[PDB]
Every structure is written in C-alpha cells, then in structure tokens.
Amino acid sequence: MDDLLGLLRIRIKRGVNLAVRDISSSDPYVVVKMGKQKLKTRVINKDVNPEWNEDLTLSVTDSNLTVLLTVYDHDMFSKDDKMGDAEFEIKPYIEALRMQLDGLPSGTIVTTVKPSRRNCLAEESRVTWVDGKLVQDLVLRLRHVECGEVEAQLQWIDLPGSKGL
C-alpha cells in the first residue's frame, strides 16, 4: 500500500479462432500472471470464439512488470489442454498514465506500440483517452499454438492512500 502504484484492470474481452483441443471445439479460459499474482477467467463451454468480457484486477508495485497470458481448454476428467500463450509490458501504459495529460479530447492517442518479431501484438496497440479514461487496447497473437488471438483492454485503478504514480 505504501508500495502500491495502483491496480491494473485487465478486461479480457474475447478469444478469436482459438485452437480445438477436444474433438471439434474447446472449453477455453484465460489465466494471467504478473509477479506472484495469478488470476483466471471463467470457462466458456464449447466455443473457440469465447466472449469472456471479464476483468482480472492485479495490484501494481512496479512500472516495469510483464503480464503473462495463457489460454487452456478445460477438461472435466483429464488434464486441461494448452491453447497458447502471450505476454505484454505494462511500462508503456504506466508511462502514459504518468504524462498527467488533463483532458484531452475523447479519442486522442497518447502512445502507439507497434507489432514486432519479439512482442505478441497482432496489430498496433494504442493507449488512448476514451470516455474520460486512459486505456490500452491489445490484440494478442497466441504463441506455441496453430491459431488464436485474445482481445483485451487495460484500465487503471487509483487507490487513495497509496503511493500512486
């Protein structure tokens, strides 16, 4: 709390053309990890295009952390099957939050992160001021799997009585 910058709300929106790990479908869920914290979405049954629309909220004490993301196919009576992984840096978003831009029309773009051979972006990721909030939109190409993307949006939670940014 003396350590707390704020909380990172990771809105896991949807999975797109995810890998088949049963016979003709999968039962996917997302897990994220940032340092010691691990959080998961619910399982969506028999859908390789799952609409999770679920928030995973992590505490942040460091500007330079990496979020790891993975998708699994839930099997009730066997080991869950792999559906791929990705990761992303929070530094750009946190740096943007620290630019202290006071509105700032709706839609202005503060930072753009380009897809690269090393990162997991399927398309450029924009940090934008939207509806009175700074957010980052992400489309993650999944690694170690034959197909699949996960769409997410980062939002920030400030807690009064904490270190802050």
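Start at 1 and count along the sequence shown; that's the residue number.
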Averaged over C-alpha atoms, is the B-factor higher for 19 to 27 or for 145 to 153 in this PDB entry?
19 to 27
Which is higher in the entry, the mean Cα B factor of 63 to 71 or that of 98 to 106?
98 to 106
Entry record, C-alpha B-factors for 116, 49, 41, 111; the maximum is at 111
For residue 34, does the deposited CA B-factor place it in the lowest, middle or highest third of the chain?
middle
Grab the CA temperature factor for residue 57 from the record and place it in the lowest, middle or highest third of its chain.
lowest
Third of the chain, ranked by Cα B-factor, where residue 127 sits
middle
